[PDB]
Each structure stands twice: as structure tokens, then as C-alpha cells.
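Protein chains in written order, with the deposited numbering: chain H, 218 to 505; chain S, 218 to 433; chain Y, 146 to 289; chain W, 218 to 289; chain U, 218 to 289; chain P, 506 to 577.
Cβ coordinates follow ideal geometry from the N, Cα and C atoms, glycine included.
Please read the structure below before turning to the comments.
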Amino acid sequence: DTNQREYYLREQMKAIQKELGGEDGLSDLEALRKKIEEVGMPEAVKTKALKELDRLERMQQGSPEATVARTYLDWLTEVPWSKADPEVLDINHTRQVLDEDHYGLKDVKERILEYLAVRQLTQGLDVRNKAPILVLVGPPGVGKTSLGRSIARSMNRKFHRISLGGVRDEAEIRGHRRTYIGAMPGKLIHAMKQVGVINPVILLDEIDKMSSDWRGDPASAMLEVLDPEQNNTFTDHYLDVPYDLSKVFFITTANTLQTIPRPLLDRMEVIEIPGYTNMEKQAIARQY
Amino acid sequence: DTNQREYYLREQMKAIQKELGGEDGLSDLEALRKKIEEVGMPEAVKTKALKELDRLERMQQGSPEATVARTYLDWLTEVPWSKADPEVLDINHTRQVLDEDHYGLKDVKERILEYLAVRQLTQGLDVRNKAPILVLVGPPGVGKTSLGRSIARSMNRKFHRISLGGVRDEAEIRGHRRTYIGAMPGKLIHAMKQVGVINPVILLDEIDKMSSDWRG
Amino acid sequence: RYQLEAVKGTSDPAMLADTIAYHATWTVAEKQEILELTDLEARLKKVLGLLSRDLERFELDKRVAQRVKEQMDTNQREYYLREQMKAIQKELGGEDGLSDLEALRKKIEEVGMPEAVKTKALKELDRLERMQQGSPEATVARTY
Amino acid sequence: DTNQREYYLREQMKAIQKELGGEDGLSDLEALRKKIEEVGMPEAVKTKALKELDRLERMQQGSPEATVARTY
Amino acid sequence: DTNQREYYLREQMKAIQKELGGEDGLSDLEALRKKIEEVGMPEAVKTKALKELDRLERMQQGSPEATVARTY
Amino acid sequence: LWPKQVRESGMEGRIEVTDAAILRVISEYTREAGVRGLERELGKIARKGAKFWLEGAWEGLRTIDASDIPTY
Ligand SMILES: Nc1ncnc2c1ncn2[C@@H]1O[C@H](COP(=O)(O)OP(=O)(O)O)[C@@H](O)[C@H]1O
Ligand SMILES: Nc1ncnc2c1ncn2[C@@H]1O[C@H](COP(=O)(O)OP(=O)(O)O)[C@@H](O)[C@H]1O
């Protein structure tokens, strides 16, 4: 008798589940599907996502395994593909914005300004666009971290910062096999989830303290993520599809040049800040 | 007459599969027959395929076993099965193809040329059993990773790169154990899924820095 | 419905608001509003919102029951038909399975191999043999 | 209208489903998120919490993903 | 139908068991609450124990997290 | 590397370098076993040339000598 009622209750949830499917699912997931078919990863890349989409959809409605792949599909749909911020603008307007946020920093300002010169010279061409990586080395007192917002306001870009360094979990950088209980794509990908552009501003705060040895090496994982050309086809442990990380503009923060593994050290665009002068100190004290 | 009984029972089970097993059973009669026709299935791999083929006909009503079984079957459908690429006949042309991708590297170029010359002179199947294995050691600045793509393009063998940059638990590089969600984000076989050729050129991020866990 | 079909002869908006508000098909918090509202015109208006949402629930709950009852029959009928189709093939598979496997074992039992291991498998095999549906243990017993 | 209609349907279905099994489950979560509406966090994480609770408001009872999803 | 009949017999045996074994299991949880009562733990620890037994009762058994939760 | 960075900078046919300046470039700016750090410098050359071109465009092509390295 109890089994009868339980079964009566089940169809009750089903009727409710079917009603919900008519809302969150069905046409709603059809619209998202066609939308991703419009601005999602290429079809040859989307193939894995389609693999999971077919099984999770084929799985009985409400199946945890369906949700196990449903999170993967939703992550692929939410993460931007081939969508970017508006391209190169006038350098004269942005140089004042970069100058007013921070006094001095001539080398970093020159780097930021000249990054737009090539963007202007490659207007309408058919060449691969690769945003250079950035590393800032210097004492912790130097305002390297504020560059994450300063540069973003310089090019009106969207910015997010991930507190890397002093970490021992490769699976954090490259997520992990979606098969394991739950699921968490690598931090980078988590940072770029909310930024709806393929060229965000990402700030690797103090990656110098990166700790390896025991456990999957977070740093060794960032090798595939920070490869200058292989980031065009990037397959972390969670997102099996080759991610197009080429357009992403990277900024990394460091305090010295003697605690970094060699493959990381000889792959960055080195920018050094030896420290402000005392005249610069009194000027910045007076102004800001 | 008994053989026709067997055929009638087989067509009955195929009909039930086609009518009910959405994307499993009608996909069976439509494409799995041609699947063996295009990629092929070892009899040992096929006998068990047929043994489990009638077991996952529980779609519409719903069966995670049917889906995970179907994920396994779909993985079997596309992985190359004794289907080789058109073997290279002009190693001299490959020489120029490899010379137009890199400069120098006279050691690895000659190594690959020897490996192809032996394969072209394999009289009797006694060398194909031992797949040649190359490990590349040196500073990271040297172009080792793109060498995989260069060699594969010169071989006319489709290329796939596998992320060995960081691998901790076991089965993170090899195919994960079956029976579960049935979702595998890349693997050694995954490269085989990418390349429909039984003999591709596959490169890894590195070997010195890989497995590092307690469970596996 | 007895309190509605007795005072239908009066067209007082306040009286109709009282009739549609006394039948409290909601929480007592809403009943405080009608209890203390110096706006008979808004009385029926706010009651309209409650009864309209309640009417949505009225039809919605009826539809849920209709969906559950129709699904009940479909699930039952599907269960009977689908189970038979599978149990038929699974019955054949079971015979073609351990039943054929154990035969092969018997073929090599010509050496008088101890059948105690078989009898243990038979315990599993009698139970799963009777169960012509599911029984994943049958597969593990098959490999055993 | 649509938002309130789907919230009310979710609340009633959660109520019945958790009365039949584990009352202090997704009904507890829906009450808690109704509170977090009144004590609203930054908009960046408000939508994240809503999406997170919505996806786990449809799975079965005692799901292995739900074991950590409820605690998060 | 024979499978249904043996299911009938097995749930008969389950009835016999849950009469003695199952009620002992319920008596085990009832005695667990009696333990959390007798010790006289302060109010915060009371609420923590109540929430913990609430999260345990919602989920099923035979999971790695369940062992740690049970022991703790 | 030079054709690739020139194509990536879009200013094809506008900058050229002699065979003597490159010797100084490697012998004085980058000392690594590989050439991964060399592509970053060779693209910096084009990135700084583009800064001059954007403000003022010249005619024809520009040849870089060993004495013109510090400017770019
Ligand atoms: N030129 C400058 N203009 C404005 N603020 C500055 C300047 N130089 C340093 N600062 C300030 O110094 C501090 C440095 O802190 P932070 O950027 O977090 O350092 P780090 O990047 O080393 O962690 C910030 O408050 C920053 O605004
Ligand atoms: N002799 C060479 N010929 C061609 N490219 C070279 C040569 N030496 C180095 N390279 C370049 O080195 C780079 C290596 O990058 P990649 O293979 O991703 O990483 P890694 O340097 O760690 O192997 C490629 O851009 C490649 O073209």
C-alpha cells in the first residue's frame, strides 16, 4: 500500500518535472543550443560537448548523470567563444586614463599603449591574434596588483583576478576528470566564466609562491595553459574540448626571479619594476 | 530451417531495438552495421558487443545502464580497428616536407627517416608488433611539442596532442573505469578517437612530470 | 458552495467582497488584510488576485492529477509490455550466458573439477536465472 | 507573474516532496535562499547562488553530487 | 509473475526482520538522540548534532562520506 | 620567426633587419638554450615599430641596423 502511494507521489513529481521541463528545458535549452551553434566553440571542438549533451539529454529526466554532464554542457555554453571586447580604440584617450590611475610606470604604460598599435595595424586582416602574457616582478609594496584594474580601465576591458601561487592542487589549474564526484574546471576557466569575452584581463596574483612537489603539480598544469601557441587548442582535465586561450590577455604578479620553474621563467614577457624614487613618492603622495 | 529461426530471432531483437532504443537501437540498425563495415570490430570485441546489444533495450522507459552501455558502444564504434592510413611511398617527398617545417634537427629527422624506411621494408609481420617509441629530452625552449604536429603532417597521419602536463590520480591519462557516469574528458584512447587511423603520430606534454598521487 | 447560492440577489460590492473574502483559500496573513481594509472596491480587487492565483492552482493541481493518472496507466502498461520484451531476450541471454558458460565449465569438469565453486555460482545462478530482468550480479557471476 | 508562478510551484513541489522524504532538504534551501534575498549579497554571487540552487533543486534525494551541493 | 511472487516472499522476510532488526535500527537512532540528550551538551552543540543527524537521515548509506559523518 | 611576427603585426613590408644586427640581438639581449624567448623580442620589435607608425606613417620600407636596436 505504501509502495502504491510512493508511486502516486512519483508521477506527481513527474507531472511537476514535465511542467518544469516545459520551462527551463525544451524550447529554453533549444534556444541556448541554437545560440551556442551561433557563438559556441567551433563544431570540431564542440564535438565532445555534443557527446556529453547527447547522453545527458538521452539519460532519464532528472538523472544525476544527466546533471553530471549537464554542468559540463552549461559550462561550455556560458564560457565565451569567438566573442570579444570592441577592438582597438584611440591611443590618445587611453593614455590619459593609464597615466591618471598610476604615476610613473613608464615601461608598463609603454607596453600597454603599444599593444594597441599592432591591434590598429592589423585592422581587417586575416592573421592570428595572440594577446601577450605579462609578468610583473618587484617588491610587494609596489602597486602591481592595482594594474589589474588600471589596464582594464585603460582598454575598457573586463577584468578578473585569481589568487594563484602558494597552492598545491594541479586539479585547481586544470580542473579534473568530470567523472570524479562533483566537478570543478580549472580556476582560470572559472575566472573567465563570468567574463564574456575571449580576451579578458586575468591577474595571476603572486604565482611565485606556486608550490609543487606532493599532489598534482598546479604549476606543471599551467604549462599547457600558458603555452604561447598551444593555448589555441587547450584541453584541461574537465573541458575535454581544445580551448582557444590565444586571445586572452594574461597578467601575472611575482616578487622575485629566483623561485620560478625554468619552463615558466623562460616563457614570460618579463617586465621589471625596481621601485619608485623618492621624488615619485612625494609626487604620488601629493596627488593620490 | 534452424538457421532461419536464428535469423528471425535476430531480426526480432533488431526490430525491438530500432523501435524503442532511441539513439541506441534504431541507431544500431542504421549505423552500427556500417560501423563495422567502415572501422571493423574484432570478433572477440564483437561477440561481446552482440551479447550486450540486446541488453540495453530499455530506452523511452529509461535506463542509465543503456546509456553507459551505449557510451561504451559508441566509443567502440569510432576508435580505429586495424584500419591504417595510406602508407607513404615517397620518403624523399617526406624529407622536403619535414625540411620545410623546421631547420636543423638532423638527428630526429634521420631517426624518423630510418623508422619509415624500416616500415617500408617490413617483409613479414615481425616489426609492426613493436611500435617505435621516442622520448625527447632537452631544454624546454627547443620546439619539441610542435614537432609532433610537423611529423604527423609529414606522415599524412592525423595528429592529436595529449595533456600530460599535469596528471595526478590513475586513469586521468588512461580510459577511466567503466560502470560510472560514462563521461571521459580525454585519454590515450581519446587520441585514437580523434584520429581514425590505427597508426597516428601522438605526442605528450612530457614524461618527467606526470603521475603524482596516493590512490593511483 | 452553499453560502454562495443563497445571497445572489444582492448586488452590493461590499457584500460580494465579503462572500469572496470569507472563503479564505490562503494564509491568515491575507485574512488580516480583508479584516482591516477601508476599501471595499479594492477588497474584491485584491481578492481577485488571490482567487485568480488560486484558480491557476485549481486548474494546475487538476492538470497535475490528470498528468499523474495518465502517466500512471502509461507507466504500468509500458512496465508490463517493456518488461516482457526484455525478460524474453534476457531469458535467451541468460541461457546463452552462464547457462552456456557453465556447460563449457562442465566440458572441462571431465577432470572431476570440484563443483562446490559451481554450487556457489548456482546459488547466484538459480536466483538470477529466475530474475529474467536486471540482476547485474548475473554479469559478475558470469565473469566469475 | 512568470517568476512568482515558478517560485510558488517550486515551493509547493519542494514542500510535498520533502514532506514525503527529508523535509529539511531543498525546502530548507528554498527558505534559506528566500532569506538571502532579503540579506542580498553582491549581484555577482546572487545569480550564482540562484543558478546553483536551481540545478540541485531537480535531482533525486541523497544524490552524491547533492551531498556536497547541499553543504555548499 | 513468479518473480513477483518471490518478491512478495522476500518482502515478507523483510517484514519479519524490520520488526526486530529494523526497529532495533530505529531504536539505535532513538538511543542516539537519547545520547545527545543525556550528555547535556550546550545549545550550540545540540543544534550542531541535530543538523548533523538531519543531513545523515536525508542521504542513504554505503558511501565514503557516510562513514566519516557517522564516526564523527 | 620574422615573417610570422611581421604577419602578426600586419605591417608587412615596412620593417627589415640586416644579418649583422641579429647577431648582436642574440649575443646581447637573450641568452637561452631555446628560441622561445627570441620570438617575444622579435614581436616587441614590430610592436614598437607599430607605435611609431600609428602616430607617423613613413613611405616604403625601413632597414634596421646594429646601431638602431636600442630605439626599438
Ligand atoms: N604610482 C602609484 N600610484 C598609485 N598608487 C600606487 C602607486 N604605486 C604604488 N601604489 C599603491 O601601492 C599599493 C601596492 O599594493 P599592491 O598593488 O597590492 O601590491 P602588489 O601588487 O605587490 O601585491 C597599492 O595601494 C597601490 O595603489
Ligand atoms: N629549428 C626550428 N625550426 C622551426 N621552429 C623552431 C625551431 N626551433 C624552435 N622552433 C620553434 O619553437 C617553438 C616551440 O614551441 P612548442 O613546441 O609549443 O613548445 P616547446 O618549445 O616547449 O617544445 C615553435 O614555435 C617552433 O616553431
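At a CB-CB cut-off below 8 Å, which residues of chain Y make contact with residue i?
| i | result |
| --- | --- |
| H/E228 | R212, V213, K214, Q216, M217, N220 |
Should residue i be counted as a contact of ligand 3 given a C-beta to heavy atom distance under 6 Å?
| i | result |
| --- | --- |
| S/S363 | Here the bound small molecules are ligand 1 and ligand 2; ligand 3 is not part of this structure. |
List the residues of chain H whose Cβ lies closer than 8 Å to the Cβ of residue i, in chain order.
| i | result |
| --- | --- |
| W/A261 | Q411 |
| S/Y397 | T396 |
| P/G515 | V335, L338, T339, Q340, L342, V344 |
Let me know if residue i comes out buried or exposed under the rule of 16 or more other beta-carbons within 10 Å of its beta-carbon.
| i | result |
| --- | --- |
| H/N416 | buried |
| H/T288 | buried |
| Y/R146 | exposed |
| W/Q234 | buried |
| H/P480 | buried |
| residue 175 of chain H | Because chain H in this structure spans residues 218 to 505, residue 175 of chain H falls outside the shown range and cannot be described. |
| S/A261 | exposed |
| H/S371 | buried |
| S/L342 | exposed |
| H/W431 | exposed |
| H/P297 | buried |
| H/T470 | buried |
| S/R275 | buried |
| H/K251 | exposed |
| Y/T172 | exposed |
| H/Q504 | exposed |
| Y/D271 | exposed |
| H/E228 | buried |
| H/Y455 | buried |
| S/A232 | exposed |
| P/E513 | buried |
| U/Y224 | exposed |
| S/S299 | exposed |
Run down chain S in chain order and give the residues with a C-beta less than 7 Å from the C-beta of residue i.
| i | result |
| --- | --- |
| Y/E236 | Going along chain S, no residue has its Cβ under 7 Å from Y/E236, so there is no contact; the nearest lies around 11 Å. |
| H/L440 | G382, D422 |
| H/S437 | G382, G383, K426 |
List, in order along the chain, the chain Y residues whose C-beta lies closer than 9 Å to that of residue i?
| i | result |
| --- | --- |
| S/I350 | What S/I350 touches in chain Y: nothing, since even the nearest Cβ is about 33 Å away. |
For a contact meaning CB atoms closer than 8 Å, what does residue i contact in chain P?
| i | result |
| --- | --- |
| H/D483 | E537, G539, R541, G542 |
Residues of chain P with a CB under 9 Å from the CB of residue i: which are they?
| i | result |
| --- | --- |
| H/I308 | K556, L559, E560 |
Mind listing the chain H neighbours of residue i? Cutoff is C-beta to C-beta under 7 Å, in chain order.
| i | result |
| --- | --- |
| S/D318 | Here the premise fails: no neighbours, minimum Cβ distance about 14 Å. |
| P/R512 | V344 |
| P/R545 | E486 |
Can you name the residues of chain S whose CB is closer than 9 Å to the CB of residue i?
| i | result |
| --- | --- |
| Y/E223 | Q277, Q278 |
Please list, in chain order, the chain U residues whose beta carbon lies closer than 7 Å to that of residue i.
| i | result |
| --- | --- |
| W/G242 | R275 |
For residue i, which residues in chain H fall below 9 Å Cβ to Cβ?
| i | result |
| --- | --- |
| S/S299 | Under the 9 Å cutoff, chain H gives no residues; its nearest Cβ is about 24 Å from S/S299. |
| P/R552 | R328, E331, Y332, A334, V335, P349 |
For residue i, go through chain Y and note every residue whose CB falls closer than 7 Å to its CB, in chain order.
| i | result |
| --- | --- |
| H/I233 | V209 |
Mind listing which residues of the region 357-386 of chain S have their C-beta closer than 9 Å to chain H's C-betas, in chain order?
Flagged, chain order: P357, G358, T362, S363, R378, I379, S380, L381, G382, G383, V384, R385, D386.
Name, going along the chain, the residues of the region 181-202 of chain Y whose beta-carbon falls closer than 8 Å to a beta-carbon of chain S.
Close to chain S, meaning a Cβ-Cβ distance shorter than 8 Å, is no residue of the region 181-202 of chain Y at all.
Counting only Cβ-Cβ distances shorter than 8 Å, please list the residues of the region 271-290 of chain S near chain Y, keeping chain order.
For the region 271-290 of chain S, the set of residues with a beta-carbon nearer than 8 Å to any beta-carbon of chain Y comprises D271, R272, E274, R275, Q277, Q278, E282, in chain order.
Can you list, in chain order, the residues of the region 328-341 of chain H whose Cβ is nearer than 9 Å to any Cβ on chain Y?
Going along the region 328-341 of chain H in chain order, one finds no residue with a Cβ nearer than 9 Å to chain Y.
Entirely within the region 387-442 of chain H and at least 4 residues each: give me those alpha helix (DSSP H) ranges in chain order.
For the alpha helix (DSSP H) assignment, the uninterrupted runs of no fewer than 4 residues enclosed by the region 387-442 of chain H are, from N- to C-terminal side, 387-390, 404-411, 435-442.
Between the region 460-490 of chain H and chain A, which residues of the former have CB atoms less than 8 Å from a CB of the latter, in chain order?
Reference to chain A is not applicable here, since the protein chains of this structure are H, S, Y, W, U and P.
Starting from the N-terminal side, write out each stretch of the alpha helix (DSSP H) that is 4 residues or longer and does not extend beyond the region 230-268 of chain H.
Taken in chain order, the whole alpha helix (DSSP H) runs of length 4 or more contained in the region 230-268 of chain H are 244-256.
Please list the segments of the alpha helix (DSSP H) lying wholly inside the region 262-326 of chain S, counting only runs of 4 or more residues, in order along the chain.
With a minimum length of 4 residues, the continuous alpha helix (DSSP H) runs that stay inside the region 262-326 of chain S are 281-295, 308-316.
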